[PDB]
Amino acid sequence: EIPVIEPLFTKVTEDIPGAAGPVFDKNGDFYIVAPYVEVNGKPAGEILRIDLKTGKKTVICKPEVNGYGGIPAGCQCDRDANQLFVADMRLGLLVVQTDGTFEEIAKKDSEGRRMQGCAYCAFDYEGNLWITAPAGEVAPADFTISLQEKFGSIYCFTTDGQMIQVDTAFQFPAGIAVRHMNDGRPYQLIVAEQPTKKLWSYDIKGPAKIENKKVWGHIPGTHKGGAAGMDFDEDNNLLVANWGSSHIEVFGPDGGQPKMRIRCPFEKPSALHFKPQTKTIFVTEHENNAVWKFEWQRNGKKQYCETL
């Protein structure tokens, strides 16, 4: 039997359609994304800042390219400048300034293929951004998602500006995380494949160089859904939102089966992110389309933006 804890979750804010992409920037401000905001039934997703002292929401960015609305879905903060890297299911990769300006980084990848819409991303400590792309081609192409068919891809957006496709044929690739050596070198990539209830691992040999794809962990449950967002704590345990299961799974450093589960007071956790230098985990969820927080046993693994 896998042990289960039921910590107290505190609701932070709600009314966030498709709440996802929790992230802290270099100044400790907190942001989330609302991928399912629509205008006239078309995509009009938003990036929002939340004042954690009051829960008040402020729309930061409503991205659109040549009239095609974005579906922002996952975020990382940069290290050398206070800007958000945002995976967008319609626009691919965005770099979003706090003043609301933004740039769409890649309409094509390094090999001249149309870019795919993206969902989650993770910076390694060298500044390369690893990205899951469960959508089909980016706008202006018609919107498609790899829920049933295996056309989701993985990318590495390198420090040279190359948008390198590093693998393909995933069925809705979701959360992504990078494991680092004590000396700081990245060496393992973990990638969720949501409906298959699998976590995959790769050896990282260098920037945009992964090999030795293997099943690394197993996500419990037969509910619709599976692994969504994930992040490491400071002991390199991987905490994984299990959308549809009412739990966050905890894997030890060597993977396999969860060593512990965390019961949530909602069915559809979608993403999680630690507040820097605390044990506090912020969790987005799609039952109530809301953001919550709870206290974990130890601090989070430092994000790239927290390194020097």
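All residue numbers are counted from 1 along the displayed sequence.
Taking the mean C-alpha B-factor of each stretch as recorded, 164 to 172 and 114 to 122 are not equal, and the higher mean is that of 164 to 172. The question of which stretch, 187 to 195 or 205 to 213, has the higher mean Cα B factor is settled in favour of 205 to 213. Between the residues 237, 132, 182, 222, the entry's highest C-alpha temperature factor is the one at 222.
Highest CA B-factor among the listed residues (280, 40, 246, 270): 40. Ranked against the other modelled residues of its chain, the C-alpha B-factor of residue 86 as given in the entry falls in the lowest third. Remark: residue 308 belongs to the highest third of its chain, ranked by C-alpha B-factor as recorded. Placement of the Cα temperature factor of residue 106 within the chain: highest third of the modelled residues, per the deposited record. Among the modelled residues of its chain, residue 56 has a C-alpha B-factor that falls in the highest third, as given in the PDB entry. In this PDB entry, residue 100 carries a Cα temperature factor that places it within the highest third of its chain's modelled residues.
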